[PDB]
Every structure is written in structure tokens, then in C-alpha cells.
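One file, start.txt, carrying compact mmCIF, C-alpha atoms:
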```
# COMPACT_ATOMS: atom_id res chain seq x y z
CA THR A 872 -111.55 -72.28 79.55
CA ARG A 873 -110.88 -75.53 77.53
CA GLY A 874 -111.69 -78.39 80.02
CA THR A 875 -109.33 -81.38 80.77
CA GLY A 876 -107.75 -80.78 77.26
CA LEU A 877 -109.78 -83.74 75.73
CA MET A 878 -112.38 -83.58 72.85
CA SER A 879 -115.31 -81.38 74.13
CA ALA A 880 -118.07 -79.76 71.92
CA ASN A 881 -116.54 -76.46 73.28
CA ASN A 882 -112.83 -77.41 72.79
CA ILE A 883 -113.30 -78.34 69.08
CA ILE A 884 -114.34 -74.69 68.27
CA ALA A 885 -111.66 -73.04 70.55
CA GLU A 886 -108.99 -72.96 67.77
CA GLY A 887 -111.75 -71.38 65.60
CA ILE A 888 -112.61 -68.68 68.20
CA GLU A 889 -108.86 -67.82 68.47
CA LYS A 890 -108.73 -67.18 64.66
CA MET A 891 -110.76 -63.99 65.60
CA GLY A 892 -107.68 -62.62 67.52
CA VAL A 893 -109.15 -63.73 70.88
CA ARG A 894 -107.69 -65.94 73.67
CA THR A 895 -109.06 -69.19 75.21
CA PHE A 896 -107.37 -70.51 78.40
CA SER A 897 -106.00 -73.82 79.76
CA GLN A 898 -107.21 -74.50 83.33
CA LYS A 899 -103.60 -73.89 84.55
CA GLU A 900 -103.62 -70.49 82.72
CA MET A 901 -106.98 -69.51 84.32
CA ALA A 902 -105.77 -70.76 87.76
CA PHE A 903 -102.63 -68.61 87.39
CA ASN A 904 -104.89 -65.66 86.39
CA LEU A 905 -107.00 -66.21 89.56
CA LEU A 906 -104.05 -66.87 91.95
CA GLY A 907 -102.76 -63.55 90.55
CA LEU A 908 -105.68 -61.92 92.47
CA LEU A 909 -104.28 -63.26 95.84
CA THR A 910 -100.92 -61.41 95.37
CA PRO A 911 -100.35 -58.94 98.27
CA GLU A 912 -100.78 -55.97 95.83
CA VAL A 913 -104.37 -56.86 94.68
CA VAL A 914 -105.36 -58.21 98.17
CA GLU A 915 -104.65 -54.63 99.38
CA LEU A 916 -106.52 -53.18 96.36
CA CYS A 917 -109.69 -55.17 97.29
CA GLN A 918 -109.51 -53.68 100.83
CA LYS A 919 -109.61 -50.10 99.37
CA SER A 920 -112.53 -50.71 96.94
CA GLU B 1656 -116.38 -35.75 160.36
CA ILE B 1657 -113.26 -37.49 161.83
CA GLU B 1658 -109.91 -38.15 160.03
CA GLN B 1659 -108.87 -41.82 159.62
CA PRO B 1660 -105.60 -42.68 161.45
CA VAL B 1661 -102.47 -41.59 159.46
CA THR B 1662 -102.47 -43.72 156.23
CA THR B 1663 -99.81 -44.70 153.63
CA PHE B 1664 -100.76 -46.45 150.33
CA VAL B 1665 -98.12 -48.82 148.81
CA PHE B 1666 -98.61 -50.14 145.22
CA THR B 1667 -97.37 -53.66 144.29
CA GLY B 1668 -94.79 -54.33 141.52
CA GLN B 1669 -94.52 -57.04 138.81
CA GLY B 1670 -94.46 -60.74 139.89
CA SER B 1671 -97.79 -60.63 141.82
CA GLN B 1672 -100.09 -60.59 138.70
CA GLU B 1673 -102.65 -63.45 138.31
CA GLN B 1674 -105.15 -64.39 135.55
CA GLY B 1675 -108.62 -62.88 136.26
CA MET B 1676 -107.18 -60.26 138.71
CA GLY B 1677 -109.37 -57.17 139.31
CA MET B 1678 -112.28 -58.74 137.33
CA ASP B 1679 -114.53 -59.37 140.41
CA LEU B 1680 -114.33 -55.57 141.00
CA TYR B 1681 -114.94 -54.99 137.22
CA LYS B 1682 -118.39 -56.71 137.57
CA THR B 1683 -119.53 -54.83 140.74
CA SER B 1684 -117.88 -51.30 140.54
CA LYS B 1685 -118.86 -48.48 138.11
CA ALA B 1686 -115.52 -46.73 138.97
CA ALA B 1687 -113.46 -49.86 138.09
CA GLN B 1688 -115.44 -50.56 134.86
CA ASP B 1689 -114.71 -47.00 133.57
CA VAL B 1690 -110.91 -47.44 134.27
CA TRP B 1691 -110.63 -50.89 132.58
CA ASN B 1692 -112.87 -49.78 129.63
CA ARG B 1693 -111.10 -46.39 128.97
CA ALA B 1694 -107.87 -48.51 128.84
CA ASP B 1695 -109.26 -51.47 126.82
CA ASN B 1696 -110.75 -49.02 124.23
CA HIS B 1697 -107.36 -47.24 124.06
CA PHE B 1698 -105.44 -50.51 123.37
CA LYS B 1699 -108.04 -51.93 120.91
CA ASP B 1700 -108.24 -48.65 118.88
CA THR B 1701 -104.46 -47.85 118.77
CA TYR B 1702 -102.69 -51.33 118.97
CA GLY B 1703 -105.47 -53.86 118.03
CA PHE B 1704 -105.51 -55.95 121.27
CA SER B 1705 -107.71 -56.01 124.43
CA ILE B 1706 -105.89 -55.70 127.83
CA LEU B 1707 -109.12 -57.16 129.36
CA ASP B 1708 -108.93 -60.25 127.04
CA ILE B 1709 -105.25 -60.75 128.14
CA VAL B 1710 -106.12 -60.44 131.88
CA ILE B 1711 -109.26 -62.68 131.56
CA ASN B 1712 -108.00 -65.55 129.24
CA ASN B 1713 -104.14 -65.12 129.43
CA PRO B 1714 -103.54 -66.38 125.84
CA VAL B 1715 -100.16 -68.06 125.01
CA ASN B 1716 -99.94 -66.22 121.62
CA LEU B 1717 -101.84 -63.15 120.29
CA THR B 1718 -101.55 -61.94 116.66
CA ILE B 1719 -102.54 -58.38 115.49
CA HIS B 1720 -103.92 -58.11 111.91
CA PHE B 1721 -103.24 -55.01 109.72
CA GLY B 1722 -106.10 -55.55 107.23
CA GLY B 1723 -108.15 -52.68 105.78
CA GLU B 1724 -108.04 -48.93 106.51
CA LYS B 1725 -108.51 -49.62 110.30
CA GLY B 1726 -105.61 -52.14 110.24
CA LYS B 1727 -103.10 -49.84 108.45
CA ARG B 1728 -103.82 -47.01 110.99
CA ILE B 1729 -103.00 -49.59 113.76
CA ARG B 1730 -99.83 -50.69 111.90
CA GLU B 1731 -98.63 -47.02 111.69
CA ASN B 1732 -98.97 -46.78 115.54
CA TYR B 1733 -96.76 -49.96 115.82
CA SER B 1734 -94.14 -48.45 113.38
CA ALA B 1735 -94.36 -44.90 114.91
CA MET B 1736 -93.16 -46.60 118.19
CA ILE B 1737 -89.54 -45.23 118.23
CA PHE B 1738 -86.54 -44.35 120.56
CA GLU B 1739 -86.10 -40.47 120.70
CA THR B 1740 -82.27 -40.24 121.39
CA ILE B 1741 -80.46 -36.81 120.84
CA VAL B 1742 -76.83 -37.60 119.56
CA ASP B 1743 -74.34 -34.82 118.38
CA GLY B 1744 -77.02 -32.03 118.82
CA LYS B 1745 -79.45 -33.61 116.20
CA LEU B 1746 -82.31 -36.20 116.91
CA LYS B 1747 -82.04 -39.94 115.81
CA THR B 1748 -84.91 -42.54 115.51
CA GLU B 1749 -84.94 -46.36 116.26
CA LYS B 1750 -87.91 -48.78 115.65
CA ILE B 1751 -89.38 -50.94 118.46
CA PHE B 1752 -90.92 -53.66 116.20
CA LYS B 1753 -88.16 -54.12 113.58
CA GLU B 1754 -90.32 -56.77 111.76
CA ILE B 1755 -93.37 -54.44 111.15
CA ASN B 1756 -92.99 -52.55 107.79
CA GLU B 1757 -95.28 -51.16 104.97
CA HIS B 1758 -95.66 -54.84 103.74
CA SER B 1759 -96.60 -56.49 107.11
CA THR B 1760 -100.12 -58.09 107.19
CA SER B 1761 -99.76 -59.17 110.89
CA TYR B 1762 -97.48 -59.21 113.99
CA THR B 1763 -97.57 -61.96 116.69
CA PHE B 1764 -96.72 -61.63 120.43
CA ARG B 1765 -95.46 -65.00 121.89
CA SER B 1766 -94.76 -66.30 125.46
CA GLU B 1767 -94.10 -69.85 126.81
CA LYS B 1768 -96.85 -69.96 129.52
CA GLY B 1769 -99.15 -66.88 128.85
CA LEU B 1770 -98.89 -63.23 127.58
CA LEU B 1771 -100.06 -61.86 131.00
CA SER B 1772 -96.47 -62.45 132.32
CA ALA B 1773 -94.71 -60.80 129.32
CA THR B 1774 -93.77 -57.41 130.89
CA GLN B 1775 -95.30 -55.20 128.07
CA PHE B 1776 -98.80 -56.57 129.01
CA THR B 1777 -98.04 -57.33 132.72
CA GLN B 1778 -97.26 -53.65 133.46
CA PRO B 1779 -100.49 -52.07 132.06
CA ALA B 1780 -102.56 -55.04 133.43
CA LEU B 1781 -101.12 -54.59 136.98
CA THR B 1782 -101.36 -50.75 136.75
CA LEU B 1783 -105.10 -50.97 135.88
CA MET B 1784 -105.93 -53.60 138.60
CA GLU B 1785 -104.43 -51.10 141.11
CA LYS B 1786 -105.81 -47.81 139.63
CA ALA B 1787 -109.33 -49.42 139.35
CA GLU C 776 -127.71 -76.76 83.44
CA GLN C 777 -127.89 -77.48 79.65
CA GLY C 778 -130.91 -77.61 77.31
CA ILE C 779 -133.00 -75.68 79.88
CA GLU C 780 -134.54 -72.56 78.28
CA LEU C 781 -137.00 -70.17 80.02
CA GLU C 782 -139.98 -72.56 79.74
CA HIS C 783 -137.93 -75.55 81.05
CA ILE C 784 -136.70 -73.77 84.25
CA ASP C 785 -137.83 -76.05 87.13
CA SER C 786 -136.46 -77.98 90.17
CA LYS C 787 -132.81 -78.52 88.99
CA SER C 788 -132.44 -74.83 87.93
CA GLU C 789 -134.05 -73.44 91.13
CA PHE C 790 -131.63 -75.68 93.12
CA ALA C 791 -128.64 -74.75 90.90
CA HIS C 792 -129.48 -71.05 91.55
CA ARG C 793 -129.48 -71.82 95.31
CA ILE C 794 -125.93 -73.28 95.12
CA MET C 795 -124.52 -70.60 92.83
CA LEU C 796 -126.12 -67.42 94.37
CA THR C 797 -128.41 -67.65 97.45
CA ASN C 798 -126.07 -69.95 99.49
CA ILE C 799 -122.93 -67.94 98.44
CA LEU C 800 -124.62 -64.85 99.98
CA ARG C 801 -125.41 -67.08 103.03
CA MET C 802 -121.78 -68.38 103.18
CA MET C 803 -120.41 -64.77 103.08
CA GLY C 804 -122.98 -63.76 105.75
CA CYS C 805 -121.85 -66.62 108.05
CA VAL C 806 -118.13 -65.69 107.96
CA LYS C 807 -119.22 -62.03 108.44
CA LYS C 808 -121.20 -63.07 111.58
CA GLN C 809 -118.32 -65.24 112.94
CA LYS C 810 -115.71 -62.47 112.51
CA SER C 811 -117.98 -59.76 114.05
CA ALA C 812 -118.93 -62.08 116.98
CA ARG C 813 -115.14 -62.12 117.84
CA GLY C 814 -114.62 -58.38 117.06
CA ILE C 815 -112.41 -59.17 113.99
CA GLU C 816 -112.48 -55.74 112.22
CA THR C 817 -108.96 -55.96 110.59
CA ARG C 818 -108.72 -59.36 108.83
CA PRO C 819 -111.10 -59.23 105.86
CA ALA C 820 -111.67 -62.44 103.85
CA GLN C 821 -111.21 -61.82 100.08
CA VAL C 822 -114.12 -63.41 98.14
CA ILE C 823 -113.04 -64.45 94.57
```

Will you turn the file into C-alpha cells for me?
Amino acid sequence: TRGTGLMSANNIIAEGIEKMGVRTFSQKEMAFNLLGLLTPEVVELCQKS
Amino acid sequence: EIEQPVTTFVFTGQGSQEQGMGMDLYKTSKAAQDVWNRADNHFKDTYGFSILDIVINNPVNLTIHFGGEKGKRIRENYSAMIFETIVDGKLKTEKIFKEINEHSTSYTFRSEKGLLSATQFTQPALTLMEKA
Amino acid sequence: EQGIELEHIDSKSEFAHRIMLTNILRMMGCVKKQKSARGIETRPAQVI
């Protein structure tokens, strides 16, 4: 998860990691991913198992 | 062994109910405890509210939560509350609690001054006070 | 925690571990206790 989108020692190799056919995430992307776990459907799924 | 003079019992209607009613007896009487508890357990297990809590604390609002396997079973009981009319020979069904569906996470009872004087709670509350 | 291998693990790391595990268990335990205390059996809190 690429930080504040500035020059990090982790961000500078992100484009490189993606050349492997692999996905790094903006914080907004990862927040969307996580907020996707509070949808009624997966809230109910958590209650089962 | 001598009969009491000829006795008639008369049971009071709505309008008389008061917060904390019957609760002095609930402390001191085994017989009364068993009545109130049988009833409280019935309401908690099937509709997710305590008739005792309502009599004791007379809350303004009370919200029932349908979370988890215990909460869905309670929600069914709220949905399965129907009107059994028989029109044209065949049976027809009508939902008390129009708001409560397969997607409802909660339902809220409201009242201006306290749920103990909303008739759906008043009636059982008064009934128990008397039966106890 | 950066530049802290096995042999460097000391006060910061033991504290970090308290934040990021032991006190999350504690936090969950507290809201468990508070719900149960009020007989709240049908409003689970989802822990992400």
C-alpha cells in the first residue's frame, strides 16, 4: 500500500513489483477494499463463520 | 374449615398501569417471580425484549437487533406475525411489522413519554401484574 | 519497528507487540464484557 503517494523507499520499487503481474494499492483503493467488508452481505457472512 | 363470605374478583383494565408496578411482590413472592420470569423469558427468547425491563425502567425508545443466528430467529418471529383472514373460501396473509424484511438489522419501538403506555407492552405488563 | 532483528528485540518491540496484539485482545474482551453485562446477544461488533 504505497503511502501518501510521495517518494518512499517502498514506493520507488512498486512500479517494479507490478512488472511481475502483481498489484500494489493506493490508500483509497485499500480503504475501498476494507469498507467493502462492512457491506451488509459480508457483515452477515462474518456472523455465520 | 369455614368458607369466606361470597367473593367476586374484578381485574383492572388499561389506564391504571404505573412504572415499577408489581415489582415489590416480585422481590418477596416465589409465585410472582415464576409468573414474571416465565413471561420475561418468553419475550426475550421470541421477540428480543424484556417485559420486566419495560415495567422497571419504562424506556422512551427500545430497539431490537437481528444480529447473528439468535437475531434472525427473532426476526422470523416478528415477520411470522400475520393477520389470518379467510376471503372467498381461501386464506390470505398480512404483515404486522411492514418495515421488518430479510434485510432488516433492527426494529425500534417509539413512544413520546415511555413504552409502558404503548398498548402492545401495557397489556402484557398489566396482565402479569394481576396474574402474579 | 525497522532495523530490529531477533537480537535487537527489546523495549520498543515488546511495547509495539502490546499495542498490536495483547491490547487488541484486551479491547475485544472489554466490548465482549460490556455487551454481555447488558445481555446484548444479537448485536455483534465486526472486528476488521

Chain A residues near chain B (8 Å cut-off, only C-alpha atoms) as number ranges by chain: A: 915, 918-919

Shortest interatomic distance to residue 912 (chain A) - which of B:1678, B:1757, B:1714, B:1701, counting all atoms listed in the file: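 Among the listed residues, the smallest separation from residue 912 (chain A) belongs to B:1757.
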
Got a sec to pull out which chain C residues are within 8 Å of chain B, counting all atoms listed in the file, and send them as a PDB file with C-alpha atoms, keeping the file's coordinate frame?
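Everything below was put into out-v6.pdb:
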```
ATOM      1  CA  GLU C 816    -112.480 -55.740 112.220  1.00  0.00           C
ATOM      2  CA  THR C 817    -108.960 -55.960 110.590  1.00  0.00           C
ATOM      3  CA  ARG C 818    -108.720 -59.360 108.830  1.00  0.00           C
ATOM      4  CA  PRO C 819    -111.100 -59.230 105.860  1.00  0.00           C
TER       5      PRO C 819
END
```

Within 9 Å of chain C: residues of chain A, using all atoms listed in the file, as a ChimeraX atom specification: /A:905,908-909,914,917-918

Selection near residue 886 (chain A), 9 Å with all atoms listed in the file, sequence-local residues under 4 positions removed, as a list in words: residues 882, 890 and 895 of chain A

Contacts of region 786-789 of chain C at 7 Å (all atoms listed in the file; same-chain gap of 3+ positions) as a ChimeraX atom specification: /C:776,792-793

Expected residue set, 8 Å radius at (-100.5, -61.7, 119.7), only C-alpha atoms, as a PyMOL selection string: chain B and resi 1704+1716-1719+1762-1765

Distance of CA of residue 1711 (chain B) from CA of residue 1694 (chain B), expressed in Å to one decimal place: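 Between CA of residue 1694 (chain B) and CA of residue 1711 (chain B) the gap works out to 14.5 Å.
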
Neighbours of point (-97.0, -52.1, 144.0) within 12 Å, using all atoms listed in the file, written as a ChimeraX atom specification: /B:1664-1672,1778,1781-1786

CA of residue 1710 (chain B) to CA of residue 1690 (chain B), straight-line distance in Å: 14.1 Å

Atomic distance CA of residue 1772 (chain B) - CA of residue 809 (chain C), expressed in Å with one decimal: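 One can read the CA of residue 1772 (chain B) to CA of residue 809 (chain C) distance as 29.3 Å.
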
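The nearest approach to residue 1776 (chain B) among the residues B:1683, B:1696, B:1663, B:1705, with all atoms listed in the file taken into account, belongs to B:1705.
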
Export region 903-920 of chain A, N, CA and C atoms, as a PDB file, in the first residue's frame; it's the structure right above.
```
ATOM      1  N   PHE A 903     -11.250   1.394   0.235  1.00  0.00           N
ATOM      2  CA  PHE A 903     -12.397   0.846  -0.524  1.00  0.00           C
ATOM      3  C   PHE A 903     -12.468  -0.666  -0.296  1.00  0.00           C
ATOM      4  N   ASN A 904     -11.343  -1.356  -0.450  1.00  0.00           N
ATOM      5  CA  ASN A 904     -11.273  -2.820  -0.238  1.00  0.00           C
ATOM      6  C   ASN A 904     -11.834  -3.134   1.150  1.00  0.00           C
ATOM      7  N   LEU A 905     -11.430  -2.372   2.163  1.00  0.00           N
ATOM      8  CA  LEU A 905     -11.744  -2.670   3.585  1.00  0.00           C
ATOM      9  C   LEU A 905     -13.198  -2.302   3.858  1.00  0.00           C
ATOM     10  N   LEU A 906     -13.637  -1.133   3.398  1.00  0.00           N
ATOM     11  CA  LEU A 906     -15.043  -0.684   3.537  1.00  0.00           C
ATOM     12  C   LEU A 906     -15.961  -1.672   2.816  1.00  0.00           C
ATOM     13  N   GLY A 907     -15.444  -2.370   1.809  1.00  0.00           N
ATOM     14  CA  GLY A 907     -16.166  -3.464   1.151  1.00  0.00           C
ATOM     15  C   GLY A 907     -16.456  -4.612   2.102  1.00  0.00           C
ATOM     16  N   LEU A 908     -15.793  -4.698   3.249  1.00  0.00           N
ATOM     17  CA  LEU A 908     -16.048  -5.775   4.237  1.00  0.00           C
ATOM     18  C   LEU A 908     -17.136  -5.348   5.232  1.00  0.00           C
ATOM     19  N   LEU A 909     -17.613  -4.098   5.171  1.00  0.00           N
ATOM     20  CA  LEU A 909     -18.712  -3.604   6.039  1.00  0.00           C
ATOM     21  C   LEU A 909     -20.028  -3.555   5.252  1.00  0.00           C
ATOM     22  N   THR A 910     -20.054  -4.044   4.009  1.00  0.00           N
ATOM     23  CA  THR A 910     -21.307  -4.153   3.223  1.00  0.00           C
ATOM     24  C   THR A 910     -22.220  -5.128   3.952  1.00  0.00           C
ATOM     25  N   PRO A 911     -23.560  -4.965   3.914  1.00  0.00           N
ATOM     26  CA  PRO A 911     -24.461  -5.857   4.643  1.00  0.00           C
ATOM     27  C   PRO A 911     -24.164  -7.337   4.365  1.00  0.00           C
ATOM     28  N   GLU A 912     -23.822  -7.672   3.121  1.00  0.00           N
ATOM     29  CA  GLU A 912     -23.622  -9.067   2.652  1.00  0.00           C
ATOM     30  C   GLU A 912     -22.495  -9.715   3.462  1.00  0.00           C
ATOM     31  N   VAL A 913     -21.341  -9.066   3.614  1.00  0.00           N
ATOM     32  CA  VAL A 913     -20.154  -9.700   4.269  1.00  0.00           C
ATOM     33  C   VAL A 913     -20.253  -9.495   5.788  1.00  0.00           C
ATOM     34  N   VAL A 914     -20.988  -8.494   6.260  1.00  0.00           N
ATOM     35  CA  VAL A 914     -21.306  -8.359   7.712  1.00  0.00           C
ATOM     36  C   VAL A 914     -22.046  -9.618   8.146  1.00  0.00           C
ATOM     37  N   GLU A 915     -22.970 -10.087   7.307  1.00  0.00           N
ATOM     38  CA  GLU A 915     -23.831 -11.251   7.615  1.00  0.00           C
ATOM     39  C   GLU A 915     -22.985 -12.516   7.505  1.00  0.00           C
ATOM     40  N   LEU A 916     -21.974 -12.486   6.653  1.00  0.00           N
ATOM     41  CA  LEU A 916     -21.119 -13.654   6.365  1.00  0.00           C
ATOM     42  C   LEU A 916     -20.242 -13.934   7.583  1.00  0.00           C
ATOM     43  N   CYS A 917     -19.769 -12.854   8.206  1.00  0.00           N
ATOM     44  CA  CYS A 917     -18.913 -12.839   9.419  1.00  0.00           C
ATOM     45  C   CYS A 917     -19.662 -13.452  10.601  1.00  0.00           C
ATOM     46  N   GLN A 918     -20.979 -13.230  10.636  1.00  0.00           N
ATOM     47  CA  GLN A 918     -21.880 -13.696  11.712  1.00  0.00           C
ATOM     48  C   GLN A 918     -22.077 -15.201  11.575  1.00  0.00           C
ATOM     49  N   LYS A 919     -21.983 -15.763  10.370  1.00  0.00           N
ATOM     50  CA  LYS A 919     -22.115 -17.229  10.146  1.00  0.00           C
ATOM     51  C   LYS A 919     -20.834 -17.914  10.613  1.00  0.00           C
ATOM     52  N   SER A 920     -19.708 -17.485  10.066  1.00  0.00           N
ATOM     53  CA  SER A 920     -18.361 -18.033  10.333  1.00  0.00           C
ATOM     54  C   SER A 920     -17.340 -16.915  10.131  1.00  0.00           C
TER      55      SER A 920
END
```
